[PDB]
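Chain letters run A, B, ... following the sequence lines, proteins first and then strands; every chain starts at 1. Reckoned from all heavy atoms, side chains included, excluding hydrogens, waters and symmetry mates.
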Amino acid sequence: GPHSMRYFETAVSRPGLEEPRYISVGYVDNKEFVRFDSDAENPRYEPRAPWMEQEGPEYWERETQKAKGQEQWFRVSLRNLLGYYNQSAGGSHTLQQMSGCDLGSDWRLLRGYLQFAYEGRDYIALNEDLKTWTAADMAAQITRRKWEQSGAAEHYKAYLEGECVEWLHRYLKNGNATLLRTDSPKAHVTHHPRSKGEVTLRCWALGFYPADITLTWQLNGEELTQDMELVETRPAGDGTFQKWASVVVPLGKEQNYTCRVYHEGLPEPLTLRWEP
Amino acid sequence: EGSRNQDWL
Amino acid sequence: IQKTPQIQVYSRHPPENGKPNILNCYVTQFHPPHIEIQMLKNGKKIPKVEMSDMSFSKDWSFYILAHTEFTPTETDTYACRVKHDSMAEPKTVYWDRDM
C-alpha cells in the first residue's frame, strides 16, 4: 500500500515568566519514530522505533538543532497570535503544526501537507497545489498576505517535494518489514440477555494492528448500521488495538444476525455468529 | 527529517 | 471552545477474577492538552500509573493512554477520574468488564 511521513509539532504557552513547551513527534507510516520534548532532562531528538538506532550521532545533532530553531519560531509565532486575536496576557494558548508526505506504493510523491492550528482550530494550510494558502479566520488573512509576500510556499514545496520524500525513502528501507506488521483481529460475540425478549449481541475484535477496522451487523444481508453501538477503536497497551460493536435483537433468533470484521491483515473478512 | 519553518506567523 | 474528553476504561486482556491483567484508561478528543488523570481502586488513587506521552490527532485533538497493573476481583471496583478545563466537575468512569 501507500506510505507517509508526518511531523506533529506543538507549542503550549502557559502564564508566567515561563517559556512555551515545544514538542515535536515524527511518524513514518503512522508509527511514532522520533520525538523531541523541550521539557526534557536533556532536550534532544530520541529514537522511538528500534530501526532508528541505525542513524549515527550526526543525524541527532542536526535534528535536535533543527528542533531548537523551530522552538524559537513557535515562540515568536505564539506572540504574534496573541496580538492578532487581541488576547490579553494570562491565557493558556496552543499552536499546532502538521507537515509531511504521502507516497503511493510506487514511492512516488502523492501529496504534501502543511497546516497550522491555533487553540485547536484550523488556522492556515498549504493547499495541495503547494503554492496557495487556505486561511480560516479573518486573523489568518494577515499571515496569508505576509506569506504570499515572502513566497513561503516555495520554501515548503521544496521541502515537501525533496527532503521529506528522500528521507522517507531512507526510513522505509531501514524500517523495511518492521512497519509492514499486521496482526489480524480475533473476533467473538458475547451474548447478553436483556429484559423484554431481547439480547444484546456484542461483536468484539481484539489484538489487531493497524487500528483501522470496520465491524458491521447484518440482519439478512441487510446492513444494520442503524441504531447499533460502536466504541472508538482503543489501544491495548501492547501494540495491538480493540473495538466492539453491538446490536439488540430477539434471543432465540441469533442465527438471523451476523457480524463481519474488515481488516488489512485478513485474507478476507471474518463472518461470525454467536456460538451457543 | 523535520522541516524548517520560514517567515513567522 | 475547549473540547470535552472521551474516556474509556477497560483491561488489556479479557478479564478473569483472580488473574493479573492491565487496566487501561484511554482519554481522547480534548483540548487544551493540559489534563489530569487518576486511576482509582475502590475510591483510592492507584500509585505507579504508566502514562503515555502527549499526542494529538489529525483533527488536532489530544489523547493519552493511562494504564496500571491490576487483578480484577468480584468486589473491587476500578475507575478513571479526569479533571480538565472543559468540565465543571471531574468525571469518573467505572471500569465495566463487559464494555
Side-chain angles (χ1 to χ4, degrees), chain A residues 29-32 179-192 200-218 224-225 228-248 257-275, chain C residues 5-17 19-30 37 39 49-53 55-59 61-72 77-80 82 93-99:
Chain A
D29 291 349
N30 301 308
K31 176 71 337 215
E32 170 172 2
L179 33 79
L180 264 42
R181 250 219 304 146
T182 75
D183 310 75
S184 336
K186 279 171 226 61
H188 62 292
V189 17
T190 57
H191 182 84
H192 299 232
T200 262
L201 298 197
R202 181 110 68 210
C203 198
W204 290 86
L206 304 169
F208 57 91
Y209 178 83
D212 308 81
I213 201 163
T214 301
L215 307 170
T216 59
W217 272 111
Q218 263 170 210
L224 272 64
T225 323
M228 60 149 75
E229 212 209 310
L230 247 86
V231 292
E232 180 172 14
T233 288
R234 49 160 108 129
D238 61 6
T240 66
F241 282 89
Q242 352 172 128
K243 187 170 209 85
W244 61 257
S246 72
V247 287
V248 218
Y257 289 72
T258 152
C259 172
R260 279 172 172 94
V261 186
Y262 301 73
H263 193 267
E264 284 166 44
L266 255 30
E268 46 186 303
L270 290 174
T271 328
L272 57 161
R273 281 180 296 114
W274 170 69
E275 311 197 5
Chain C
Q6 305 311 95
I7 294 153
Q8 287 190 260
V9 174
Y10 57 85
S11 58
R12 171 170 312 164
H13 301 98
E16 289 231 330
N17 283 342
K19 300 329 204 302
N21 199 326
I22 312 294
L23 188 65
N24 298 311
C25 171
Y26 192 42
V27 189
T28 61
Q29 306 262 283
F30 54 90
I37 301 155
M39 307 192 67
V49 165
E50 298 286 278
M51 194 81 65
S52 75
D53 296 315
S55 268
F56 76 82
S57 281
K58 291 130 271 73
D59 67 20
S61 218
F62 293 89
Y63 65 92
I64 291 268
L65 179 53
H67 72 288
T68 198
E69 233 142 315
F70 92 130
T71 295
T77 76
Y78 293 92
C80 195
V82 178
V93 176
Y94 287 91
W95 179 46
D96 173 341
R97 80 179 63 210
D98 280 347
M99 302 280 295

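Remark: side-chain polar atoms of C:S11 are paired, donor with acceptor, to backbone N or O of C:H13 under 3.5 angstrom. In terms of modelled atom types and a separation under 3.5 Å, the side chain of C:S52 and the main chain of C:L65 share a donor-acceptor contact.
Counting all heavy atoms, side chain and backbone alike, C:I64 lies closest to C:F30 at CG1-CZ, 4.2 Å. The shortest heavy-atom contact between A:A205 and A:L215 is CB-CD2, 4.1 Å. Heavy-atom minimum distance, A:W217 versus A:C259: CZ3-N, 3.5 Å. Nearest heavy-atom pair, A:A245 versus A:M228, reported as atom, atom and distance to 0.1 Å: CB-SD, 4.3 Å.
The side chain to side chain donor-acceptor pair (under 3.5 Å) search around A:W204 returns A:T190, not counting sequence neighbours. For C:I22, the side chain to side chain contact (heavy atoms under 4.5 Å, CB included) criterion is met by C:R12, C:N24, C:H67, C:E69, not counting sequence neighbours. In this view, C:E16 satisfies the salt bridge (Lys or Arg N to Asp or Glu O under 4.0 Å) rule with no residue, not counting sequence neighbours. Every residue two or more places apart in sequence or in another chain that forms a side chain to side chain contact (heavy atoms under 4.5 Å, CB included) with C:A66 is listed here: C:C25, C:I37, C:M39, C:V49, C:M51. Scanning for side chain to side chain donor-acceptor pair (under 3.5 Å) contacts around A:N30 gives an empty result, with sequence neighbours left out. With sequence neighbours excluded, the residues that form a side chain to side chain donor-acceptor pair (under 3.5 Å) with A:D183 are A:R181. For A:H191, the ring pair (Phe, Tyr, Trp, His ring centres under 6.0 Å) partners at least two apart in sequence or on another chain are A:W274. C:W95 meets the ring pair (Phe, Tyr, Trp, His ring centres under 6.0 Å) test with C:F70; sequence neighbours excluded. Looking at residues two or more places apart in sequence or on another chain, you find no side chain to side chain donor-acceptor pair (under 3.5 Å) involving C:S57.
Between the CZ atom of A:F208 and the NZ atom of A:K186 there is a distance of 10.5 Å, given to the nearest 0.5 Å. The distance from atom CD of C:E50 to atom OG1 of C:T68, rounded to the nearest 0.5 Å, is 8.0 Å. Rounded to the nearest 0.5 angstrom, C:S55 OG and A:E32 CD are separated by 6.0 Å.
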All N/O donor-acceptor pairs, side-chain side in residues 260-273 of chain A, below 3.5 Å, sequence neighbours left out:
residue	atom	partner	partner atom	Å
A:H263	ND1	A:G265	N	3.2
A:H263	NE2	A:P210	O	2.8
A:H263	NE2	A:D212	O	3.4

Please table the atom pairs, donor to acceptor, closer than 3.5 Å between any side-chain atom in residues 229-242 of chain A and protein atoms at least two apart or in another chain.
residue	atom	partner	partner atom	Å
A:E232	OE1	C:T28	OG1	2.8
A:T233	OG1	A:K243	NZ	2.3
A:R234	NH2	C:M99	O	2.4
A:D238	OD1	A:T240	N	2.8
A:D238	OD1	A:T240	OG1	2.8
A:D238	OD2	A:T240	OG1	3.4

Please determine whether side chain to side chain contact (heavy atoms under 4.5 Å, CB included) holds for the pair C:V93 and C:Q8, giving the CA-CA distance in whole Å, both sets of side-chain angles, and the decisive distance to 0.1 Å.
CA-CA 7 Å; C:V93 176; C:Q8 287 190 260; over 6 Å; no

Evaluate the criterion side chain to side chain contact (heavy atoms under 4.5 Å, CB included) for residue pair A:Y257 and A:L224; output intermediate values, then yes/no.
CA-CA 10 Å; A:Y257 289 72; A:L224 272 64; 4.2 Å; yes

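With contacts defined as side-chain heavy-atom distances shorter than 4.5 Å, the pair A:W244/A:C203 does not qualify.
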